[PDB]
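Observations on chain architecture
Here is what each chain is made of, one letter per residue.
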Amino acid sequence: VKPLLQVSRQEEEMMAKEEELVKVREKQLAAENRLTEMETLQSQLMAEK
Amino acid sequence: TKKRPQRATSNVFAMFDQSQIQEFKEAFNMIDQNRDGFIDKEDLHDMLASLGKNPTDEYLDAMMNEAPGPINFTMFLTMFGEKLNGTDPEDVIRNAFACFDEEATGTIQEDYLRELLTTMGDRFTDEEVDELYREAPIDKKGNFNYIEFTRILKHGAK
Amino acid sequence: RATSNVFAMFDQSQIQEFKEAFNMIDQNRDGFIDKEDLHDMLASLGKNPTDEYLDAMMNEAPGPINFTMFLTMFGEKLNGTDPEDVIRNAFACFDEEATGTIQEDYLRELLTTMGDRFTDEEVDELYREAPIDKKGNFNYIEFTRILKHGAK
Ligand SMILES: [Mg+2]
Ligand SMILES: [Mg+2]
């Protein structure tokens, strides 16, 4: 019966996913900023080559 | 009182998800006025007084004609499961239609759909497909995905 | 056994889950399991067969079982158990590398040697249903699910 009554459940997974979203979003923004900085520097290395 | 479709509860319990069972059983809690779970005509009449007011006695009598006297939620869930037995999931039908479609996207043209439904021994008829057209989005050739059809069938977003 | 207030045995969430369970499990919803309510649920959830022999256990809780009696009969067998998180944390004292596993022989040694000792027969009786690897790994993480949410 427990899988059925386990439907009776609290909201904590949604806020945990909200935190996961925020952490991943900030990391991906940092990664893309560093990527674009490195890419512009690489284009300057092309000019120097 | 009780009646027993034992095979129906067992199978349909396995067929549904705990989330879908939550939808069904919580809806049946919404029907009942009692706190024990015994649905009966007056319970449904209070639901109708909340959503779809002033029915004739014919509505509740026809419901009782389907639902054999007072009902518990497991009997109610199996009354629904009898209608639900062999319902293909909405994800499955959307993905099948996407694989069928030559645009690989799940779109369909009005006459192409009409033929596909009707043709080579398929039992559909002109009004049978016209019923689908009235359930369809605004243009019957309108490149709409089958997400709309499953949305109106399920009345749910997932 | 002891006769305290029943709530002391169970956290509010656990007794709330038992209340939900009993409201589902009582079938003619008079407030009590009778033998028909039980076999109705057993057939409805389970397969086609019905086993009236189980009536020789319904009688065990005396009279038609009120929710306080239902809770009593579950709680007196359930007592002496602890949450899933503390059982995982207990296994962590032995899985020093946190592999998520203990060796079958090493867990048998740990259980048989110390504290209030298991018999090797009791260990093998766990192993007759517990998840196990032919390579020897006891994946205790799964065992904590099987001990509370599982049993197939
Ligand atoms: Mg009612
Ligand atoms: Mg009862």
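A count of helices and strands for chain A gives two helices and zero strands. Overall, chain A is about 70 × 15 × 5 Å in size when its C-alpha atoms are taken along their principal axes. Sorting the 49 residues of chain A into buried and exposed places 6% on the buried side. Taken together, the 8 basic and 11 acidic charged side chains of chain A have centroids lying 5 Å from each other.

Residue and element names in this part refer to chain C. Among the surface-exposed residues, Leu42, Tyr53 and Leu54 lie close enough to one another that they form a single nonpolar patch of about 320 Å² accessible area. With respect to the secondary-structure elements, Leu54 resides in the loop between α2 (35-45) and α3 (55-58). The class of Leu54 is partly exposed, set by a relative accessible area of 35%.

Taken as a whole and assessed by the stated rule, the structure comprises 20 aromatic pairs over all chains. Between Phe28(B) and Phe76(B), the aromatic rings sit 4.3 Å apart at their centres with planes inclined by 40 degrees, giving tilted as the arrangement. Remark: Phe76(B) occurs in helix α5 (residues 73-84) and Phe28(B) occurs in helix α2 (residues 18-31); sequence separation between them is 48 residues. Classification of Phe28(B) as buried rests on a relative accessible area of 2%. A ring pair is formed by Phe100(B) and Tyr112(B), whose centres lie 6.2 Å apart and whose planes are at 40 degrees; its orientation type is tilted. You can see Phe100(B) sitting in helix α6 (residues 90-100) and its partner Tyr112(B) sitting in helix α7 (residues 110-118), a full 12 residues away along the chain. Every member of this aromatic cluster is reached through a ring pair, and the members are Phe10(C), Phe18(C), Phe22(C), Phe67(C), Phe70(C) and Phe74(C).

Six octahedral donors at a metal ideally form angles of 90 or 180 degrees, and four tetrahedral donors ideally form angles of 109.5 degrees. Residues and elements named next belong to chain C. Taken together, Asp26 (OD), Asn28 (O), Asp30 (OD), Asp30 (OD), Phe32 (O) and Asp37 (OD) make up the full set of protein donors to the magnesium ion (ligand 2), lying 1.9 to 2.8 Å away. Considering all six donor atoms around the magnesium ion (ligand 2), angles at the metal cover 51 to 165 degrees and the coordination shape is irregular. Site description for the magnesium ion (ligand 2): donor spacing in sequence, D-x1-N-x1-D-x1-F-x4-D.

This brings us to the pattern of salt bridges. Evaluated as defined, the whole model comprises 31 salt bridges over all chains. Among the ionic pairs, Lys17(A) bridges to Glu20(A), the shortest N-O distance being 3.1 Å. Of this pair, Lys17(A) and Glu20(A) both sit in helix α2 (residues 12-48), three residues apart, which is roughly one turn of that helix. Ionic pairing is found between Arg128(C) and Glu125(C), a salt bridge with its closest N-O pair at 2.7 Å.

All names here are of chain B. The protein atoms that coordinate the magnesium ion (ligand 1) are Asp32 (OD), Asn34 (OD1), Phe38 (O), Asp43 (OD) and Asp43 (OD), at distances of 1.9 to 2.1 Å. Along the chain, the residues that donate to the magnesium ion (ligand 1) are spaced as D-x1-N-x3-F-x4-D. Using a relative accessible area of 3% as the deciding quantity, one classes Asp43 as buried.

The interface of chain A with chain C comprises six residues on the first partner and seven residues on the second. Taking both partners together, chain A and chain C bury about 660 Å²; carbon and sulfur atoms supply 72% of that area. When the buried surface of chain A facing chain C is broken down by residue, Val1(A), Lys2(A) and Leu5(A) rank first, second and third, together holding 72% of it. For the interface between chain A and chain C, the tally reads one salt bridge. As a salt-bridge pair, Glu17(C) and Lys2(A) come within 2.9 Å of each other at their nearest N and O atoms.

What follows covers the interface of chain C and chain B. If you look at the interface, chain C gives 11 residues, while chain B gives 12 residues. Here chain C and chain B share an interface that buries about 1,100 Å² over both sides, 46% of which is from carbon and sulfur atoms. By the criterion of area lost to chain B, the three top residues of chain C are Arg29(C), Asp40(C) and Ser44(C), representing 46% of everything that side buries. Our count for the contact surface shared by chain C and chain B stands at three salt bridges. Note that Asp40(C) and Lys2(B) form a salt bridge whose closest N and O atoms lie 2.8 Å from each other. Run the count over chain C and chain B and you get six residue pairs in polar contact. It is α2(C) that provides the largest number of residues to the side of chain C that touches chain B, a total of five residues. Split into classes, the residues belonging to the side of chain C that touches chain B amount to two nonpolar, five polar and four charged.

The next subject is α2(B). Between the first and last C-alpha of α2(B) there are 20 Å, a value that for 14 residues agrees with the 20 Å anticipated at 1.5 Å per step. At its buried positions, α2(B) is contacted by α1 (2-5) of chain A, α1 (6-15), α3 (41-50) and α5 of chain B together with α1 (12-25) of chain C.

The next thing to look at is α1(C). Given 3.6 residues per helical turn, the α-helix brings residues three or four places apart onto the same face. Here α1(C) spans 19 Å end to end across 14 residues, near enough to the 20 Å set by a 1.5 Å rise per residue. Regarding α1(C), the residues found buried are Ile15(C), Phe18(C), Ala21(C), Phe22(C), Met24(C) and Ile25(C). Of the surrounding elements, those touching the buried residues of α1(C) are α1 of chain A together with α2 and α4 (67-78) of chain C.

Here the focus is the nonpolar core. By size, the foremost hydrophobic cluster in this structure holds 21 residues, and its most contacted members are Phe16(B), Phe24(B), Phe28(B), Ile39(B), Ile71(B), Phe76(B) and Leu77(B). Mapped onto this core, the elements with two or more residues apiece are α1, α2, α3 and α5 of chain B. Broken down by element, this core gets its largest block of residues, five residues, from α5(B). Here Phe76(B) is in contact with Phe28(B), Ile31(B), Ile39(B) and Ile71(B), once residues within four sequence places are set aside. Within the second largest apolar cluster, 14 residues are counted, among which are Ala21(C), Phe22(C), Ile33(C) and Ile65(C).

Conventions adopted
Residue numbers count from 1 along every chain, following the sequence as written rather than necessarily the entry numbering; any residue without coordinates is not displayed. Here every chain gets a letter starting at A, and every ligand a number starting at 1, in the order they are written. For these chains, which sit within a larger assembly, all listed values pertain solely to the part presented. For side-chain calculations, the full set of non-hydrogen atoms in the structure is used, while hydrogens and water are omitted. What counts as a helix is a DSSP run of H or I of at least four residues, what counts as a strand is a run of E of at least two, and both are numbered from the N terminus. Only protein chains enter the accessibility calculation, which uses a 1.4 Å probe; a residue is then buried when its area is under 20% of its type maximum, exposed when over 50%, and partly exposed in between. Two residue types count as positive, namely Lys and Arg, and two as negative, namely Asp and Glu; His and chain ends fall outside the count. Charge positions are represented by NZ for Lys, CZ for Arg, CG for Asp and CD for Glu. The residues that make up patches have over 30% relative accessible area and no salt bridge, and they are joined within 9 Å when like-charged or within 5 Å when they are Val, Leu, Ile, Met, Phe, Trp or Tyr. A 1.4 Å probe and the Shrake-Rupley method give the accessible areas. Residues count as covered only by the protein chains that appear here. When a carboxyl oxygen of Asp or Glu lies within 4 Å of a side-chain nitrogen of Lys or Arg, that pair is called a salt bridge. Planes of paired rings set the category: under 30 degrees apart is stacked, over 60 is edge-to-face and the rest tilted, where pairs are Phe, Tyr or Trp rings (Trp by its six-membered ring) whose centres lie within 6.5 Å. Listed donors are limited to N, O and S atoms within 2.8 Å of the metal, widened to 3.2 Å for Na, K and Ca; water is not among them, so incomplete-looking sites are possible. Labels for metal geometry use angle windows, namely 85 to 135 degrees for all angles of a four-donor tetrahedral site, and for square planar (four donors) or octahedral (six donors) sites opposite donors over 155 degrees apart plus all others within 65 to 115; sites meeting none of these are irregular. Contacts between residues were defined by any pair of non-hydrogen atoms, one from each residue, lying within 4.5 Å. What counts as buried area is the accessible surface, traced by a 1.4 Å probe, that two parts surrender upon association, with contributions from both included. N or O atoms within 3.5 Å of each other form a polar contact, as long as, within protein, one can give a hydrogen and the other can take it, and as long as residues adjacent in sequence are counted only when both atoms are side-chain atoms. Following the grouping adopted for this structure description, the nonpolar residues are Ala, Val, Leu, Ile, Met, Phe, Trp, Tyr, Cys and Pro, the charged ones are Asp, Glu, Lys and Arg, and the polar ones are all others, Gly among them. The span expected for a helix works out to 1.5 Å for each residue beyond the first. Working definition of a nonpolar core: buried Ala, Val, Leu, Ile, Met, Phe, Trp, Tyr and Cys residues. They are joined through side-chain atoms within 4.5 Å.

Take it as geometry only, folks, not as evidence of what the structure does.
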